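Source file: target-v1.cif (mmCIF, C-alpha atoms and all ligand atoms)
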```
data_run
#
loop_
_atom_site.label_atom_id
_atom_site.label_comp_id
_atom_site.auth_asym_id
_atom_site.auth_seq_id
_atom_site.Cartn_x
_atom_site.Cartn_y
_atom_site.Cartn_z
CA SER D 5 -12.53 -56.18 -211.78
CA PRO D 6 -15.13 -58.51 -210.29
CA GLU D 7 -13.89 -61.48 -208.21
CA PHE D 8 -16.44 -63.62 -210.10
CA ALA D 9 -18.72 -63.08 -213.08
CA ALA D 10 -20.79 -64.91 -215.60
CA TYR D 11 -21.04 -64.32 -219.36
CA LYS D 12 -23.74 -65.04 -221.90
CA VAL D 13 -22.69 -67.84 -224.24
CA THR D 14 -24.57 -68.25 -227.54
CA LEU D 15 -23.86 -71.52 -229.27
CA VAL D 16 -24.74 -71.82 -232.96
CA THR D 17 -25.06 -75.60 -233.32
CA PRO D 18 -26.12 -77.79 -236.23
CA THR D 19 -29.53 -78.37 -234.49
CA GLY D 20 -30.14 -74.77 -233.43
CA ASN D 21 -29.04 -71.92 -231.27
CA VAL D 22 -28.91 -71.98 -227.51
CA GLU D 23 -27.88 -69.41 -224.90
CA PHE D 24 -26.82 -69.74 -221.28
CA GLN D 25 -24.79 -68.04 -218.56
CA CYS D 26 -21.28 -69.43 -218.15
CA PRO D 27 -19.24 -68.71 -215.05
CA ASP D 28 -15.86 -67.09 -215.76
CA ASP D 29 -14.19 -70.16 -214.07
CA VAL D 30 -16.05 -72.88 -215.98
CA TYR D 31 -15.06 -74.03 -219.49
CA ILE D 32 -17.58 -73.53 -222.31
CA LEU D 33 -17.99 -77.31 -222.75
CA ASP D 34 -18.70 -78.01 -219.06
CA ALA D 35 -21.17 -75.14 -218.79
CA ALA D 36 -22.97 -76.30 -221.95
CA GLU D 37 -23.27 -79.81 -220.54
CA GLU D 38 -24.72 -78.41 -217.23
CA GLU D 39 -27.46 -76.87 -219.43
CA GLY D 40 -28.13 -80.25 -221.06
CA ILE D 41 -26.41 -79.43 -224.37
CA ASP D 42 -24.55 -82.35 -226.04
CA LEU D 43 -21.28 -81.02 -227.53
CA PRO D 44 -18.51 -83.13 -229.12
CA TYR D 45 -15.35 -83.97 -227.17
CA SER D 46 -12.83 -86.69 -226.46
CA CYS D 47 -9.69 -85.69 -224.52
CA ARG D 48 -11.16 -82.74 -222.53
CA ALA D 49 -7.54 -81.60 -222.14
CA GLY D 50 -7.00 -79.06 -224.92
CA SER D 51 -4.82 -81.38 -227.04
CA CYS D 52 -7.13 -82.57 -229.85
CA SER D 53 -9.63 -81.51 -232.54
CA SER D 54 -12.81 -83.09 -231.16
CA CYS D 55 -14.37 -80.07 -229.41
CA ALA D 56 -13.38 -77.44 -232.02
CA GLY D 57 -15.60 -74.40 -232.60
CA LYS D 58 -15.30 -70.98 -234.23
CA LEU D 59 -15.46 -67.79 -232.13
CA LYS D 60 -17.85 -65.36 -233.86
CA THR D 61 -17.94 -62.45 -231.35
CA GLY D 62 -16.49 -61.70 -227.94
CA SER D 63 -13.34 -62.88 -226.18
CA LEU D 64 -12.06 -66.16 -224.66
CA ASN D 65 -9.15 -67.21 -222.48
CA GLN D 66 -7.59 -70.28 -224.11
CA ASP D 67 -4.41 -70.45 -222.00
CA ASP D 68 -5.38 -74.09 -221.13
CA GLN D 69 -5.47 -75.23 -224.78
CA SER D 70 -2.37 -76.42 -226.67
CA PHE D 71 -3.38 -78.18 -229.93
CA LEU D 72 -4.32 -75.01 -231.91
CA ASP D 73 -1.35 -72.96 -233.09
CA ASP D 74 -1.12 -69.16 -232.70
CA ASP D 75 -2.35 -68.57 -236.32
CA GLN D 76 -5.40 -70.83 -235.66
CA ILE D 77 -6.19 -68.91 -232.40
CA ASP D 78 -5.86 -65.65 -234.43
CA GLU D 79 -8.34 -67.10 -237.03
CA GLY D 80 -10.97 -67.60 -234.25
CA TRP D 81 -10.55 -71.33 -233.59
CA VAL D 82 -11.67 -72.55 -230.15
CA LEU D 83 -11.17 -75.75 -228.20
CA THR D 84 -14.41 -75.57 -226.21
CA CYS D 85 -13.15 -77.96 -223.50
CA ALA D 86 -10.29 -75.58 -222.62
CA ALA D 87 -11.80 -72.08 -223.12
CA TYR D 88 -13.21 -69.68 -220.55
CA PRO D 89 -15.36 -66.70 -221.59
CA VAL D 90 -14.01 -63.26 -220.60
CA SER D 91 -16.98 -61.49 -222.23
CA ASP D 92 -20.29 -62.57 -223.72
CA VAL D 93 -19.39 -64.85 -226.66
CA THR D 94 -20.96 -66.49 -229.70
CA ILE D 95 -19.36 -69.79 -230.79
CA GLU D 96 -20.34 -71.90 -233.82
CA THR D 97 -19.90 -75.51 -232.63
CA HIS D 98 -19.15 -78.89 -234.23
CA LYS D 99 -16.33 -77.54 -236.38
CA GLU D 100 -13.80 -80.40 -236.16
CA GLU D 101 -14.27 -81.36 -239.85
CA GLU D 102 -13.70 -77.75 -241.00
CA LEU D 103 -10.71 -77.20 -238.78
CA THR D 104 -9.09 -80.52 -240.05
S1 LIG B 1 -11.85 -82.58 -226.43
FE1 LIG B 1 -9.69 -82.65 -227.02
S2 LIG B 1 -9.13 -80.54 -227.08
FE2 LIG B 1 -11.17 -80.46 -226.38
#
```
Output the structure of this file as structure tokens.
Amino acid sequence: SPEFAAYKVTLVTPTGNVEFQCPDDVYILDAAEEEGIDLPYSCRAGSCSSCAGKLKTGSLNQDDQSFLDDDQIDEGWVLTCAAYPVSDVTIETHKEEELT
């Protein structure tokens, strides 16, 4: 497997869709911000609802998140501040209200 890689992230946001390359060692949130995208957050530590999204295709590593339970992870919930892509992914953002 490659020492380093980047994956195509498609974010489906309330103001439109955007795509960018995310390094496999950068969280979705941080990579979005580098591209000038404003995404919701507060704690940036994987322990709250602020940065919630829904995974629509592809795979994430969310080992660094703790607030979502195993059923919520199975349902496709994502804490964008604590998730790394391991494939190209599509995430629908700004989902805190739906999650909670
Ligand atoms: S901003 Fe709190 S879990 Fe992501």
- Task: Throw together the list of residues within 10 Å of ligand LIG 1 (chain B), counting all atoms listed in the file, and drop it here as a list in words.
- Result: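 Final answer, ordered by chain and number: residues 33, 43, 44, 45, 46, 47, 48, 49, 50, 51, 52, 53, 54, 55, 56, 57, 68, 69, 70, 71, 72, 82, 83, 84, 85, 86 and 87 of chain D.
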- Message: Quick check, in Å to one decimal: how far apart do atom CA of residue 90 of chain D and atom CA of residue 66 of chain D lie?
- Response: 10.1 Å
- Between atom CA of residue 10 of chain D and atom CA of residue 61 of chain D, what is the distance, to one decimal in Å?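 Straight-line distance from atom CA of residue 10 of chain D to atom CA of residue 61 of chain D works out to 16.2 Å.
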- Looking at D:96, D:60, D:42, D:91, which one is nearest to residue 79 of chain D, with distances taken over only C-alpha atoms?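 Going through D:96, D:60, D:42, D:91 one by one, the smallest distance to residue 79 of chain D is for D:60.
One finds atom CA of residue 88 of chain D at 9.6 Å from atom CA of residue 11 of chain D.
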Return the padded bounding box of segment 90-102 of chain D as AutoDock Vina command-line options: axis-aligned, built from all atoms listed in the file, 5 Å added on each side, with centre and edge lengths in Å to one decimal.
```
--center_x -17.3 --center_y -71.4 --center_z -230.8 --size_x 17.3 --size_y 29.9 --size_z 30.4
```
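Of the listed residues (D:89, D:41, D:78, D:8), D:89 comes nearest to residue 26 of chain D; the distances count all atoms listed in the file.
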- Task: For each of D:16, D:30, D:22, D:36, take the minimum atom-to-atom distance to residue 64 of chain D, counting only C-alpha atoms, then give the residue where this is smallest.
- Result: D:30
